[PDB]
>>> print(open('query-v9.cif').read())   # mmCIF, C-alpha atoms and all ligand atoms
data_coords
#
loop_
_atom_site.label_atom_id
_atom_site.label_comp_id
_atom_site.auth_asym_id
_atom_site.auth_seq_id
_atom_site.Cartn_x
_atom_site.Cartn_y
_atom_site.Cartn_z
CA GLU F 1 124.47 132.15 51.94
CA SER F 2 126.44 134.07 49.33
CA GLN F 3 129.52 132.50 51.08
CA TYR F 4 128.59 128.90 50.09
CA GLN F 5 127.39 127.09 47.04
CA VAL F 6 124.98 124.24 48.05
CA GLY F 7 125.20 120.83 46.33
CA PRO F 8 123.28 117.57 46.88
CA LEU F 9 121.66 116.49 50.16
CA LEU F 10 124.03 113.86 51.70
CA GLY F 11 121.67 112.56 54.46
CA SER F 12 119.18 113.43 57.16
CA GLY F 13 117.90 111.95 60.43
CA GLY F 14 118.09 112.48 64.19
CA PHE F 15 121.06 114.88 63.57
CA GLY F 16 119.14 117.22 61.07
CA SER F 17 120.06 117.47 57.32
CA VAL F 18 123.53 117.67 55.82
CA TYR F 19 124.42 118.90 52.28
CA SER F 20 127.53 118.85 50.19
CA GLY F 21 128.77 122.42 49.42
CA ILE F 22 131.67 124.55 48.35
CA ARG F 23 133.09 127.65 49.88
CA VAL F 24 132.93 130.19 47.08
CA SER F 25 135.99 132.21 48.22
CA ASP F 26 138.57 129.35 47.59
CA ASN F 27 136.39 126.46 46.28
CA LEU F 28 137.05 124.48 49.52
CA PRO F 29 134.74 121.42 49.80
CA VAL F 30 132.47 121.72 52.80
CA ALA F 31 129.49 119.94 54.37
CA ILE F 32 126.59 122.13 55.50
CA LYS F 33 124.62 120.74 58.43
CA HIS F 34 121.27 122.20 59.50
CA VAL F 35 120.11 121.56 63.02
CA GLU F 36 116.51 122.51 63.99
CA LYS F 37 116.34 124.68 67.22
CA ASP F 38 113.46 122.75 68.60
CA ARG F 39 115.35 119.42 68.36
CA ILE F 40 118.37 120.76 70.30
CA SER F 41 118.26 119.34 73.86
CA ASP F 42 121.58 120.81 75.13
CA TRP F 43 122.74 124.34 74.87
CA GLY F 44 125.95 125.86 75.88
CA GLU F 45 127.39 129.24 75.61
CA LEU F 46 130.42 130.76 74.01
CA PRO F 47 133.03 132.71 75.99
CA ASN F 48 130.97 135.87 75.17
CA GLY F 49 127.29 135.11 76.02
CA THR F 50 125.90 133.87 72.68
CA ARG F 51 123.73 130.81 73.32
CA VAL F 52 124.64 127.91 70.94
CA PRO F 53 123.79 124.21 70.67
CA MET F 54 126.16 122.23 72.78
CA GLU F 55 127.32 120.51 69.58
CA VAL F 56 128.94 123.74 68.46
CA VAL F 57 130.71 124.06 71.92
CA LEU F 58 132.09 120.50 71.57
CA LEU F 59 133.15 120.94 67.97
CA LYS F 60 135.04 124.16 68.87
CA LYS F 61 136.79 122.34 71.68
CA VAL F 62 138.11 119.59 69.39
CA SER F 63 138.73 121.79 66.28
CA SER F 64 142.41 121.76 65.11
CA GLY F 65 144.74 120.45 62.31
CA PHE F 66 144.79 116.94 63.86
CA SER F 67 142.83 115.35 61.18
CA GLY F 68 141.02 112.48 63.03
CA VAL F 69 138.01 114.53 64.23
CA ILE F 70 135.90 116.54 61.80
CA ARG F 71 136.71 120.27 61.86
CA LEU F 72 133.99 122.99 62.33
CA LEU F 73 134.89 125.84 60.03
CA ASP F 74 132.05 128.31 60.75
CA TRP F 75 128.45 128.46 61.94
CA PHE F 76 125.41 130.65 61.47
CA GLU F 77 122.18 131.14 63.41
CA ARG F 78 118.84 131.42 61.58
CA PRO F 79 115.38 131.97 63.01
CA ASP F 80 114.47 128.28 63.61
CA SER F 81 117.85 126.51 63.08
CA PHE F 82 121.65 126.65 63.28
CA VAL F 83 123.79 125.95 60.25
CA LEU F 84 127.24 124.35 60.75
CA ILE F 85 129.94 124.47 58.11
CA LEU F 86 132.17 121.44 58.41
CA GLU F 87 135.22 120.17 56.59
CA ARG F 88 134.59 117.79 53.73
CA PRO F 89 137.27 115.31 52.57
CA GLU F 90 136.74 114.02 49.03
CA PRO F 91 136.30 111.27 48.00
CA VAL F 92 134.58 109.91 51.19
CA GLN F 93 132.61 106.83 52.13
CA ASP F 94 131.21 106.29 55.64
CA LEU F 95 132.44 103.19 57.47
CA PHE F 96 128.91 101.73 57.66
CA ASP F 97 128.57 101.73 53.80
CA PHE F 98 132.11 100.51 53.43
CA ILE F 99 131.32 97.46 55.63
CA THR F 100 128.01 96.93 53.67
CA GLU F 101 130.13 96.72 50.48
CA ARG F 102 133.18 94.75 51.60
CA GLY F 103 131.59 92.62 54.35
CA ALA F 104 133.79 91.67 57.39
CA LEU F 105 137.20 93.49 57.12
CA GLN F 106 140.64 91.77 56.93
CA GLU F 107 142.18 92.17 60.43
CA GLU F 108 145.11 94.33 59.09
CA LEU F 109 142.50 96.80 57.74
CA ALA F 110 140.35 96.66 60.92
CA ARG F 111 143.56 97.29 62.96
CA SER F 112 144.46 100.40 60.95
CA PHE F 113 140.89 101.80 61.16
CA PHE F 114 140.40 100.90 64.83
CA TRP F 115 143.76 102.51 65.70
CA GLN F 116 142.76 105.74 64.00
CA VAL F 117 139.39 105.81 65.77
CA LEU F 118 141.21 105.33 69.17
CA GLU F 119 143.54 108.27 68.36
CA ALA F 120 140.45 110.43 67.47
CA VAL F 121 138.57 109.48 70.60
CA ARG F 122 141.70 110.17 72.77
CA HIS F 123 141.86 113.62 71.09
CA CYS F 124 138.19 114.29 72.05
CA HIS F 125 138.75 113.30 75.65
CA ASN F 126 141.98 115.32 75.80
CA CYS F 127 139.96 118.32 74.68
CA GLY F 128 137.33 117.65 77.46
CA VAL F 129 134.65 116.20 75.02
CA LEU F 130 132.78 112.89 75.27
CA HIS F 131 131.33 111.89 71.85
CA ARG F 132 128.71 109.31 73.14
CA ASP F 133 127.83 108.06 69.67
CA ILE F 134 130.93 106.19 68.37
CA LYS F 135 129.66 103.82 65.63
CA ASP F 136 130.41 103.00 61.96
CA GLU F 137 127.71 105.47 60.77
CA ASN F 138 129.67 108.28 62.42
CA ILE F 139 133.10 107.57 60.90
CA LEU F 140 134.06 108.85 57.40
CA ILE F 141 136.91 107.28 55.40
CA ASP F 142 139.05 109.61 53.14
CA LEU F 143 139.60 106.96 50.45
CA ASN F 144 142.64 108.57 48.90
CA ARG F 145 144.58 109.18 52.09
CA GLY F 146 143.32 106.22 54.20
CA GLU F 147 142.43 108.70 57.05
CA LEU F 148 139.30 108.26 59.16
CA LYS F 149 137.34 111.23 60.62
CA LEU F 150 134.91 111.00 63.56
CA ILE F 151 131.75 113.05 62.83
CA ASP F 152 128.39 114.00 64.54
CA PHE F 153 128.88 115.46 67.96
CA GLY F 154 125.15 115.93 68.32
CA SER F 155 124.80 113.36 71.21
CA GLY F 156 128.00 114.39 72.95
CA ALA F 157 128.74 116.10 76.28
CA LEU F 158 131.50 117.80 78.17
CA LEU F 159 133.66 115.02 79.68
CA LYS F 160 133.34 114.75 83.45
CA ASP F 161 134.50 112.19 86.10
CA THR F 162 131.11 111.65 87.74
CA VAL F 163 128.11 109.65 86.56
CA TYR F 164 125.98 110.44 83.49
CA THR F 165 122.24 109.75 83.86
CA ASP F 166 121.04 110.90 80.45
CA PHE F 167 121.87 109.40 77.03
CA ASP F 168 120.62 109.96 73.49
CA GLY F 169 123.20 108.16 71.33
CA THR F 170 122.66 104.71 69.70
CA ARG F 171 121.19 102.09 72.02
CA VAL F 172 122.84 98.96 70.42
CA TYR F 173 126.26 100.58 71.16
CA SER F 174 125.25 101.61 74.71
CA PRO F 175 126.64 99.61 77.72
CA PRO F 176 124.75 97.25 80.03
CA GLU F 177 124.88 99.71 82.93
CA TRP F 178 122.92 102.24 80.79
CA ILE F 179 120.39 99.58 79.79
CA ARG F 180 119.88 98.35 83.38
CA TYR F 181 120.39 101.47 85.50
CA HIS F 182 120.34 104.54 83.31
CA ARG F 183 123.86 105.37 84.66
CA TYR F 184 127.34 105.17 83.17
CA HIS F 185 130.74 106.80 83.38
CA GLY F 186 132.00 108.36 80.10
CA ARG F 187 135.31 106.57 79.47
CA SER F 188 134.14 103.02 80.23
CA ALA F 189 130.91 103.60 78.17
CA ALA F 190 133.16 104.85 75.27
CA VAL F 191 135.29 101.70 75.64
CA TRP F 192 132.21 99.46 75.43
CA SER F 193 131.12 101.26 72.25
CA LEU F 194 134.64 100.72 70.75
CA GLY F 195 134.28 96.96 71.46
CA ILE F 196 131.00 96.99 69.55
CA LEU F 197 132.69 98.89 66.71
CA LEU F 198 135.69 96.50 66.57
CA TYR F 199 133.32 93.45 66.42
CA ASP F 200 131.39 95.24 63.68
CA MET F 201 134.63 95.76 61.65
CA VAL F 202 135.85 92.17 61.90
CA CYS F 203 132.51 90.33 61.74
CA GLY F 204 130.62 92.72 59.33
CA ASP F 205 127.79 93.48 61.76
CA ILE F 206 127.25 94.47 65.41
CA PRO F 207 127.08 91.63 68.03
CA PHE F 208 123.91 92.71 69.90
CA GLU F 209 120.54 93.83 68.65
CA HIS F 210 118.43 93.41 71.83
CA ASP F 211 118.67 94.69 75.43
CA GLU F 212 118.79 91.11 76.67
CA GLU F 213 121.95 90.35 74.65
CA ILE F 214 123.66 93.54 75.82
CA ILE F 215 123.03 92.72 79.42
CA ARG F 216 124.16 89.08 79.20
CA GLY F 217 127.38 90.32 77.32
CA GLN F 218 128.13 86.85 75.83
CA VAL F 219 129.91 87.44 72.44
CA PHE F 220 129.68 84.73 69.70
CA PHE F 221 131.95 85.17 66.61
CA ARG F 222 130.26 84.62 63.35
CA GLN F 223 133.41 85.02 61.15
CA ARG F 224 136.92 83.74 61.63
CA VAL F 225 138.65 86.16 63.94
CA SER F 226 142.05 85.67 65.61
CA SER F 227 142.25 84.86 69.27
CA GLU F 228 144.09 88.08 70.02
CA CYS F 229 141.41 90.15 68.35
CA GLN F 230 138.62 88.20 70.14
CA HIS F 231 140.46 88.76 73.46
CA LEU F 232 140.55 92.58 72.88
CA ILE F 233 136.88 92.68 71.96
CA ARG F 234 135.75 90.61 74.94
CA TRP F 235 137.89 92.87 77.23
CA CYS F 236 136.19 96.05 75.86
CA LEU F 237 132.84 94.33 76.38
CA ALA F 238 133.52 93.34 80.01
CA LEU F 239 130.23 93.54 81.91
CA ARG F 240 131.75 95.43 84.88
CA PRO F 241 132.88 98.93 83.77
CA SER F 242 136.07 98.85 85.80
CA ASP F 243 137.10 95.56 84.18
CA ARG F 244 137.27 97.31 80.64
CA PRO F 245 140.66 98.45 79.39
CA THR F 246 141.87 102.01 79.33
CA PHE F 247 142.76 103.56 75.96
CA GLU F 248 146.43 102.91 76.79
CA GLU F 249 145.69 99.24 77.54
CA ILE F 250 143.78 98.96 74.21
CA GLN F 251 146.62 100.49 72.26
CA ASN F 252 149.27 98.32 74.01
CA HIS F 253 147.29 95.14 73.44
CA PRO F 254 149.14 92.54 71.24
CA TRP F 255 146.46 92.71 68.60
CA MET F 256 147.14 96.43 68.02
CA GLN F 257 150.95 96.17 67.25
CA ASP F 258 152.52 97.06 63.87
CA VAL F 259 149.61 99.16 62.53
CA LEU F 260 149.80 100.36 58.92
CA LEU F 261 150.16 104.14 58.31
CA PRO F 262 146.97 105.70 56.81
CA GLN F 263 148.65 106.13 53.34
CA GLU F 264 149.83 102.53 53.24
CA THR F 265 146.31 101.50 54.30
CA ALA F 266 144.89 103.35 51.29
CA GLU F 267 147.50 101.87 48.86
CA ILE F 268 146.90 98.28 50.09
CA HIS F 269 143.19 98.23 50.77
CA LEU F 270 141.43 101.18 49.29
CA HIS F 271 143.04 101.95 45.97
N1 LIG C 1 125.18 108.19 56.01
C1 LIG C 1 126.08 108.80 55.07
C2 LIG C 1 125.38 109.59 53.93
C3 LIG C 1 126.40 110.14 52.88
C4 LIG C 1 127.52 110.99 53.57
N2 LIG C 1 128.58 111.35 52.55
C5 LIG C 1 129.39 112.46 52.83
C6 LIG C 1 130.26 113.00 51.85
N3 LIG C 1 131.04 114.06 52.13
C7 LIG C 1 130.98 114.59 53.39
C8 LIG C 1 130.08 114.13 54.38
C9 LIG C 1 130.14 114.80 55.70
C10 LIG C 1 131.24 115.59 56.12
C11 LIG C 1 131.35 116.19 57.37
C12 LIG C 1 130.28 115.83 58.24
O1 LIG C 1 130.11 116.26 59.53
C13 LIG C 1 128.88 115.72 59.91
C14 LIG C 1 128.44 115.92 61.35
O2 LIG C 1 127.35 115.51 61.79
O3 LIG C 1 129.47 116.35 62.07
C15 LIG C 1 128.24 114.96 58.98
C16 LIG C 1 129.17 115.06 57.84
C17 LIG C 1 129.07 114.53 56.58
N4 LIG C 1 129.31 113.02 54.10
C18 LIG C 1 128.20 110.13 54.69
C19 LIG C 1 127.16 109.68 55.72
#
>>> encode(input="query-v9.cif", output="structure tokens", more="lines below")
Ligand SMILES: N[C@H]1CC[C@H](Nc2cncc(-c3ccc4oc(C(=O)O)cc4c3)n2)CC1
Amino acid sequence: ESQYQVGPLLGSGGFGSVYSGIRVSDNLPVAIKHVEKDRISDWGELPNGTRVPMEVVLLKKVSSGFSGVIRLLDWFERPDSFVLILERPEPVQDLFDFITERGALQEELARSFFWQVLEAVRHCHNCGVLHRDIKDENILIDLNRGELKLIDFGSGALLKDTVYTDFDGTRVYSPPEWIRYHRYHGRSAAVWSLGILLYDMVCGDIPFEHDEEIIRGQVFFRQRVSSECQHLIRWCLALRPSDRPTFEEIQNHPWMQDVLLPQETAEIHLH
């Protein structure tokens, strides 16, 4: 309020509105996200009784120096909204706009980005958080350091081992068991979404736009993609949840060997 200087609106949508800002005390870049109270479907509570959106609970759980998930720095409650103060790398482009500009990515670049998103999603699950909205729109690229950040925990949940029967993330990344039965388990649904994301990186667009295509699960490659990379994608997009790989199996797959470091990624592909 007097703590932050507000800059341009960055975007708005299902998630609320997010602005660029600066923390006046040390000129730290921040993003300032406003979430309307009446659009908040899940609430949690802090170890002290305050009632908060569940997004603040999940962000606190994953907050830390490990840079692959966005860090919540502070939050405020107002009469009809909460305001979240998040870290802001700079300069940043989201992965969706990056793909719009470059088209399908060279596999060495897709490998580096996909690897980083797997490390971020493992960090969420280690911290007991299921994101439920992994997609290019929710990944920021720090262009100078080559580091990706997963953002927007607004559709997420606490990770559990039993079935989920509610979902409000992005339908064209959602698995066939959600489309058909309104039921999924968190890790295999996350794996399906990561297969959609990997196809999006290497082909320049998602593979399925319609319920019918998600349920049939046949994947056609519209760009030249190596057999190893097509194997990994088809494995993530296995129709039966228990036929999908674990995160360890994804990261030990032959396609994922010899990944670039984030700095080398920036020097080779982003600079
Ligand atoms: N669709 C685009 C619109 C422009 C936007 N550009 C920029 C530039 N700097 C920081 C940010 C920025 C930084 C942190 C963030 O956290 C969230 C959240 O929901 O957790 C959203 C968000 C956005 N976004 C990226 C997303």
>>> residues_near_ligand(input="query-v9.cif", ligand="ligand LIG 1 (chain C)", cutoff="8 Å", atoms="only C-alpha atoms and all ligand atoms", output="PyMOL selection string")
chain F and resi 10-12+15+18-20+30-33+70+86-94+96-97+137-138+140+150-154
>>> write_last_selection(input="query-v9.cif", atoms="C-alpha atoms", output="CSV table (one decimal), in the coordinates of the input")
chain,number,residue,atom,x,y,z
F,10,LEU,CA,124.0,113.9,51.7
F,11,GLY,CA,121.7,112.6,54.5
F,12,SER,CA,119.2,113.4,57.2
F,15,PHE,CA,121.1,114.9,63.6
F,18,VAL,CA,123.5,117.7,55.8
F,19,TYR,CA,124.4,118.9,52.3
F,20,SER,CA,127.5,118.8,50.2
F,30,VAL,CA,132.5,121.7,52.8
F,31,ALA,CA,129.5,119.9,54.4
F,32,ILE,CA,126.6,122.1,55.5
F,33,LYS,CA,124.6,120.7,58.4
F,70,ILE,CA,135.9,116.5,61.8
F,86,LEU,CA,132.2,121.4,58.4
F,87,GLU,CA,135.2,120.2,56.6
F,88,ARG,CA,134.6,117.8,53.7
F,89,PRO,CA,137.3,115.3,52.6
F,90,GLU,CA,136.7,114.0,49.0
F,91,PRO,CA,136.3,111.3,48.0
F,92,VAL,CA,134.6,109.9,51.2
F,93,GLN,CA,132.6,106.8,52.1
F,94,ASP,CA,131.2,106.3,55.6
F,96,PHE,CA,128.9,101.7,57.7
F,97,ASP,CA,128.6,101.7,53.8
F,137,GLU,CA,127.7,105.5,60.8
F,138,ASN,CA,129.7,108.3,62.4
F,140,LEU,CA,134.1,108.8,57.4
F,150,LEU,CA,134.9,111.0,63.6
F,151,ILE,CA,131.8,113.0,62.8
F,152,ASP,CA,128.4,114.0,64.5
F,153,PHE,CA,128.9,115.5,68.0
F,154,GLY,CA,125.2,115.9,68.3
>>> atom_distance(input="query-v9.cif", atom1="CA of residue 78 (chain F)", atom2="CA of residue 51 (chain F)")
12.7 Å
>>> atom_distance(input="query-v9.cif", atom1="CA of residue 1 (chain F)", atom2="CA of residue 17 (chain F)")
16.2 Å
>>> atom_distance(input="query-v9.cif", atom1="CA of residue 176 (chain F)", atom2="CA of residue 239 (chain F)")
6.9 Å
>>> residues_around(input="query-v9.cif", residues="residue 202 (chain F)", least_positions_apart="5", cutoff="9 Å", atoms="all atoms listed in the file", output="PyMOL selection string")
chain F and resi 103-107+110+197+223-225+229
>>> residues_around(input="query-v9.cif", residues="residue 189 (chain F)", least_positions_apart="2", cutoff="8 Å", atoms="only C-alpha atoms", output="JSON, numbers by chain")
{"F": [132, 174, 175, 184, 185, 186, 187, 191, 192, 193, 241]}
>>> write_last_selection(input="query-v9.cif", atoms="C-alpha atoms", output="PDB file, keeping the file's coordinate frame")
ATOM      1  CA  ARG F 132     128.710 109.310  73.140  1.00  0.00           C
ATOM      2  CA  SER F 174     125.250 101.610  74.710  1.00  0.00           C
ATOM      3  CA  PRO F 175     126.640  99.610  77.720  1.00  0.00           C
ATOM      4  CA  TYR F 184     127.340 105.170  83.170  1.00  0.00           C
ATOM      5  CA  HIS F 185     130.740 106.800  83.380  1.00  0.00           C
ATOM      6  CA  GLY F 186     132.000 108.360  80.100  1.00  0.00           C
ATOM      7  CA  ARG F 187     135.310 106.570  79.470  1.00  0.00           C
ATOM      8  CA  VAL F 191     135.290 101.700  75.640  1.00  0.00           C
ATOM      9  CA  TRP F 192     132.210  99.460  75.430  1.00  0.00           C
ATOM     10  CA  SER F 193     131.120 101.260  72.250  1.00  0.00           C
ATOM     11  CA  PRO F 241     132.880  98.930  83.770  1.00  0.00           C
TER      12      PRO F 241
END
>>> closest_atom_pairs(input="query-v9.cif", of="region 147-220 of chain F", to="region 111-130 of chain F", cutoff="6 Å", atoms="all atoms listed in the file", output="Markdown table")
| residue | atom | partner | partner_atom | distance |
| --- | --- | --- | --- | --- |
| F:156 | CA | F:130 | CA | 5.5 |
| F:157 | CA | F:130 | CA | 5.3 |
| F:158 | CA | F:129 | CA | 4.7 |
| F:159 | CA | F:129 | CA | 4.9 |
>>> axis_aligned_box(input="query-v9.cif", around="region 214-218 of chain F", padding_each_side="6 Å", output="AutoDock Vina command-line options")
--center_x 125.6 --center_y 90.2 --center_z 77.6 --size_x 17.1 --size_y 18.7 --size_z 15.6
>>> closest_residue(input="query-v9.cif", among="F:231, F:23, F:34, F:39", to="residue 245 (chain F)", atoms="all atoms listed in the file")
F:231
>>> closest_residue(input="query-v9.cif", among="F:136, F:100, F:203, F:16", to="residue 173 (chain F)", atoms="only C-alpha atoms")
F:136
>>> closest_residue(input="query-v9.cif", among="F:200, F:26, F:257, F:148", to="residue 68 (chain F)", atoms="only C-alpha atoms")
F:148
>>> closest_residue(input="query-v9.cif", among="F:44, F:131, F:146, F:4", to="residue 62 (chain F)", atoms="only C-alpha atoms")
F:131
>>> residues_near_point(input="query-v9.cif", point="(136.8, 130.7, 53.7)", cutoff="9 Å", atoms="all atoms listed in the file", output="JSON list (two decimals) with C-alpha atoms, keeping the file's coordinate frame")
[["chain", "number", "residue", "atom", "x", "y", "z"],
["F", 3, "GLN", "CA", 129.52, 132.50, 51.08],
["F", 23, "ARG", "CA", 133.09, 127.65, 49.88],
["F", 24, "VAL", "CA", 132.93, 130.19, 47.08],
["F", 25, "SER", "CA", 135.99, 132.21, 48.22],
["F", 26, "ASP", "CA", 138.57, 129.35, 47.59],
["F", 27, "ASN", "CA", 136.39, 126.46, 46.28],
["F", 28, "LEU", "CA", 137.05, 124.48, 49.52],
["F", 73, "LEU", "CA", 134.89, 125.84, 60.03],
["F", 74, "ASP", "CA", 132.05, 128.31, 60.75]]
>>> residues_near_point(input="query-v9.cif", point="(151.5, 103.1, 53.3)", cutoff="12 Å", atoms="all atoms listed in the file", output="PDB file with C-alpha atoms, in the coordinates of the input")
ATOM      1  CA  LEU F 109     142.500  96.800  57.740  1.00  0.00           C
ATOM      2  CA  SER F 112     144.460 100.400  60.950  1.00  0.00           C
ATOM      3  CA  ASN F 144     142.640 108.570  48.900  1.00  0.00           C
ATOM      4  CA  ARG F 145     144.580 109.180  52.090  1.00  0.00           C
ATOM      5  CA  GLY F 146     143.320 106.220  54.200  1.00  0.00           C
ATOM      6  CA  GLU F 147     142.430 108.700  57.050  1.00  0.00           C
ATOM      7  CA  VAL F 259     149.610  99.160  62.530  1.00  0.00           C
ATOM      8  CA  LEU F 260     149.800 100.360  58.920  1.00  0.00           C
ATOM      9  CA  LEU F 261     150.160 104.140  58.310  1.00  0.00           C
ATOM     10  CA  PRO F 262     146.970 105.700  56.810  1.00  0.00           C
ATOM     11  CA  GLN F 263     148.650 106.130  53.340  1.00  0.00           C
ATOM     12  CA  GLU F 264     149.830 102.530  53.240  1.00  0.00           C
ATOM     13  CA  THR F 265     146.310 101.500  54.300  1.00  0.00           C
ATOM     14  CA  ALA F 266     144.890 103.350  51.290  1.00  0.00           C
ATOM     15  CA  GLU F 267     147.500 101.870  48.860  1.00  0.00           C
ATOM     16  CA  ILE F 268     146.900  98.280  50.090  1.00  0.00           C
ATOM     17  CA  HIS F 269     143.190  98.230  50.770  1.00  0.00           C
ATOM     18  CA  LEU F 270     141.430 101.180  49.290  1.00  0.00           C
ATOM     19  CA  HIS F 271     143.040 101.950  45.970  1.00  0.00           C
TER      20      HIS F 271
END
>>> closest_residue(input="query-v9.cif", among="F:6, F:214, F:201, F:46", to="residue 108 (chain F)", atoms="only C-alpha atoms")
F:201
>>> closest_residue(input="query-v9.cif", among="F:66, F:199, F:255, F:82", to="residue 135 (chain F)", atoms="all atoms listed in the file")
F:199
>>> decode(input="query-v9.cif", residues="region 113-124 of chain F", atoms="N, CA, C and O atoms", output="PDB file, in the first residue's frame")
ATOM      1  N   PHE F 113      14.006 -27.183 -20.667  1.00  0.00           N
ATOM      2  CA  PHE F 113      12.830 -26.647 -20.034  1.00  0.00           C
ATOM      3  C   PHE F 113      11.998 -27.718 -19.373  1.00  0.00           C
ATOM      4  O   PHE F 113      11.584 -27.549 -18.217  1.00  0.00           O
ATOM      5  N   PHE F 114      11.836 -28.872 -20.043  1.00  0.00           N
ATOM      6  CA  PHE F 114      10.992 -29.940 -19.487  1.00  0.00           C
ATOM      7  C   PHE F 114      11.661 -30.426 -18.167  1.00  0.00           C
ATOM      8  O   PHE F 114      10.928 -30.702 -17.205  1.00  0.00           O
ATOM      9  N   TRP F 115      12.980 -30.606 -18.213  1.00  0.00           N
ATOM     10  CA  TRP F 115      13.679 -31.052 -16.994  1.00  0.00           C
ATOM     11  C   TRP F 115      13.382 -30.123 -15.841  1.00  0.00           C
ATOM     12  O   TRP F 115      13.121 -30.572 -14.709  1.00  0.00           O
ATOM     13  N   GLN F 116      13.537 -28.815 -16.061  1.00  0.00           N
ATOM     14  CA  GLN F 116      13.277 -27.861 -15.000  1.00  0.00           C
ATOM     15  C   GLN F 116      11.831 -27.920 -14.513  1.00  0.00           C
ATOM     16  O   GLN F 116      11.592 -27.742 -13.289  1.00  0.00           O
ATOM     17  N   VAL F 117      10.868 -28.162 -15.425  1.00  0.00           N
ATOM     18  CA  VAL F 117       9.492 -28.190 -14.931  1.00  0.00           C
ATOM     19  C   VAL F 117       9.349 -29.499 -14.059  1.00  0.00           C
ATOM     20  O   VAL F 117       8.669 -29.461 -13.018  1.00  0.00           O
ATOM     21  N   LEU F 118       9.962 -30.623 -14.493  1.00  0.00           N
ATOM     22  CA  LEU F 118       9.862 -31.837 -13.638  1.00  0.00           C
ATOM     23  C   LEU F 118      10.460 -31.557 -12.266  1.00  0.00           C
ATOM     24  O   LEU F 118       9.879 -32.028 -11.280  1.00  0.00           O
ATOM     25  N   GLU F 119      11.622 -30.871 -12.190  1.00  0.00           N
ATOM     26  CA  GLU F 119      12.195 -30.619 -10.840  1.00  0.00           C
ATOM     27  C   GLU F 119      11.207 -29.743 -10.013  1.00  0.00           C
ATOM     28  O   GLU F 119      11.084 -29.947  -8.760  1.00  0.00           O
ATOM     29  N   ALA F 120      10.556 -28.745 -10.651  1.00  0.00           N
ATOM     30  CA  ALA F 120       9.612 -27.892  -9.911  1.00  0.00           C
ATOM     31  C   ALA F 120       8.377 -28.679  -9.436  1.00  0.00           C
ATOM     32  O   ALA F 120       7.908 -28.498  -8.315  1.00  0.00           O
ATOM     33  N   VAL F 121       7.844 -29.531 -10.312  1.00  0.00           N
ATOM     34  CA  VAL F 121       6.702 -30.300  -9.907  1.00  0.00           C
ATOM     35  C   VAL F 121       7.067 -31.336  -8.811  1.00  0.00           C
ATOM     36  O   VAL F 121       6.293 -31.507  -7.821  1.00  0.00           O
ATOM     37  N   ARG F 122       8.280 -31.953  -8.895  1.00  0.00           N
ATOM     38  CA  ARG F 122       8.710 -32.821  -7.775  1.00  0.00           C
ATOM     39  C   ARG F 122       8.789 -32.032  -6.503  1.00  0.00           C
ATOM     40  O   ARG F 122       8.406 -32.579  -5.447  1.00  0.00           O
ATOM     41  N   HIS F 123       9.297 -30.772  -6.554  1.00  0.00           N
ATOM     42  CA  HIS F 123       9.366 -29.942  -5.326  1.00  0.00           C
ATOM     43  C   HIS F 123       7.966 -29.722  -4.779  1.00  0.00           C
ATOM     44  O   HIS F 123       7.804 -29.884  -3.571  1.00  0.00           O
ATOM     45  N   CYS F 124       6.984 -29.380  -5.632  1.00  0.00           N
ATOM     46  CA  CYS F 124       5.589 -29.235  -5.116  1.00  0.00           C
ATOM     47  C   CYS F 124       5.127 -30.501  -4.405  1.00  0.00           C
ATOM     48  O   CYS F 124       4.618 -30.470  -3.251  1.00  0.00           O
TER      49      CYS F 124
END
